[PDB]
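Chemist: With the deposited numbering applied, the sequence shown has no gaps in its numbers, which climb one by one up to 317 at the end.
Idealized CB from N, CA, C, for every residue including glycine.
Before we start, here is the structure in question, set down as structure tokens.
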Amino acid sequence: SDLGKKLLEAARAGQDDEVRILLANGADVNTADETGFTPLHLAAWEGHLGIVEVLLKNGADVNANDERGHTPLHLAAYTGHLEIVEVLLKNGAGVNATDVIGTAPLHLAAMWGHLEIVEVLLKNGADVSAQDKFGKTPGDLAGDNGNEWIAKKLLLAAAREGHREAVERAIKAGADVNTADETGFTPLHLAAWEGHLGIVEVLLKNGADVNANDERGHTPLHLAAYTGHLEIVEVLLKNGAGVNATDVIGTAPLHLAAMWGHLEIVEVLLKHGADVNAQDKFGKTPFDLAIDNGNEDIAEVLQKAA
């Protein structure tokens, strides 16, 4: 096992050239010392991007467990090397790998304040509601530690993915219910777009702006009529959400509801009192967009109202 101890000292030191000589000689790429660290762990700790790509292309397991239950992704979120976190994820690493306590890479990335590391985990399907042994969520790890900006980015991912439990606790921690992302989507937009009704009423009960606009003037009432979730449009209109509100292109929720074929939504929009006369920037009424699309039932229902 002399080739493995010199491989661990070469992968930790950063001499990538000695790794090439020893791997071509037949050294095990997944040799574990007394602690269980594979060369992929030590290279992800010291931050040598060159050695990691060599170990991953010859057959190093991307989910190598040490004695403490740390995968190379767990050590990649703790050090803060953004370039190393995405290389492991593209090879098929565990986005929600647990620790001895149950700590996932989403927990460690939000604990030390690595925002760009937290953002890449959320793209690869990370569970924000993942719980460890003590009952602390990355939303709790972010709001208590003092990283309120990371708590906003974590609250937004929870409303988009659909984890209802990890939301009200962050509001109890002082999180902003009207916080927006890069495009302006509040958690009210993300909850009505994916069709997860459970946050729509509880976020509405705390005091979220129902007629809030994004960077392009899109209110959450527009998104509810687009996907066709009728049970969400009824709750939004119950509180007095703007039904005649349009975006920068003049697109009303009636324009979106008539394009995709949602008869039960078009009726409830006409129930609260919406004008068919509204047009977009192309001079197109909800009647004309339903004719070319291939959906005549909506065109006939508004024709009876016109």
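Does DSSP put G124 in a helix, in a strand, or in coil?
Modeler: Taking the first residue of the sequence shown as 1, we reach residue 124 at position 113. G124 falls in the coil class under three-state DSSP.
Chemist: Taking only runs of the alpha helix (DSSP H) that begin and end inside the segment 238-310, which ones reach a length of at least 4 residues, in chain order?
Modeler: 241-249, 264-271, 274-283, 297-304
Chemist: Are there 16 or more other CB atoms within 10 angstroms of the CB of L84, so buried, or fewer, so exposed?
Modeler: Taking the sequence shown and counting its residues from 1, the one referred to as residue 84 is at position 73. The residue in question, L84, is buried, as its Cβ has 16 or more Cβ neighbours within 10 Å.
Chemist: Output the distance between the C-alpha atoms of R180 and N288, rounded to the nearest integer angstrom.
Modeler: Residue 180 sits at position 169 when you count from the first residue of the sequence shown. Residue 288 sits at position 277 when you count from the first residue of the sequence shown. Looking at the two C-alpha atoms, the distance is approximately 44 Å.
Chemist: Would you call the CB atoms of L265 and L247 closer than 8 Å?
Modeler: Position 254 of the sequence shown, counted from the start, is the residue given in the question as residue 265. Position 236 of the sequence shown, counted from the start, is the residue given in the question as residue 247. No, the Cβ-Cβ distance between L265 and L247 is not below 8 Å.
Chemist: The alpha helix (DSSP H) that contains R171, what's its start and end?
Modeler: By 1-based counting over the sequence shown, the position of residue 171 is 160. Start and end: 159-172.
Chemist: For a test of the three-state rule: what should DSSP assign to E20, helix, strand or coil?
Modeler: Here residue 20 corresponds to residue number 9 of the sequence shown, with the count starting at 1. DSSP places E20 in helix when its eight states are reduced to three.
Chemist: Quick check: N107 and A141, are their CB atoms within less than 8 Å of each other?
Modeler: Walking along the sequence shown from the start, residue 107 turns up at place 96. Walking along the sequence shown from the start, residue 141 turns up at place 130. Closer than 8 Å, so yes.
Chemist: Please determine, among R31, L93, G173, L274, the residue with the shortest C-alpha to C-alpha distance to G58.
Modeler: Locating residue 58 in the sequence shown gives position 47, counting from the first residue. Of the candidates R31, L93, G173, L274, the one whose C-alpha sits nearest the C-alpha of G58 is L93.
Chemist: Can you give the beta carbon distance from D143 to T114, rounded, assuming they're within the 8 Å contact cut?
Modeler: If you number the sequence shown from 1, residue 143 lands on position 132. If you number the sequence shown from 1, residue 114 lands on position 103. The pair is a contact, with the Cβ atoms about 5 Å apart (cut-off 8 Å).
Chemist: Inspect the beta-carbon positions of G103 and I128 and report whether they are closer than 8 Å.
Modeler: For the purposes of this step, residue 103 is taken as the residue at position 92 of the sequence shown. For the purposes of this step, residue 128 is taken as the residue at position 117 of the sequence shown. Against a cut-off of 8 Å, the Cβ pair of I128 and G103 comes out as no contact.
Chemist: Using only CA atoms, which one of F196, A120, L241 lies nearest to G206?
Modeler: If you number the sequence shown from 1, residue 206 lands on position 195. Closest by alpha carbon: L241.
Chemist: Grab me the residues of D72's own chain with a C-beta within less than 8 Å of its C-beta, minus the 5 sequence neighbours each way, in chain order.
Modeler: Here residue 72 is taken as the residue at index 61 of the sequence shown, counted from 1. The answer, listed in chain order, is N41, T49, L51.
Chemist: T296 to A252, Cα distance in whole Å?
Modeler: Here residue 296 refers to the residue found at position 285 of the sequence shown. Here residue 252 refers to the residue found at position 241 of the sequence shown. Between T296 and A252, the C-alpha separation is close to 21 Å.
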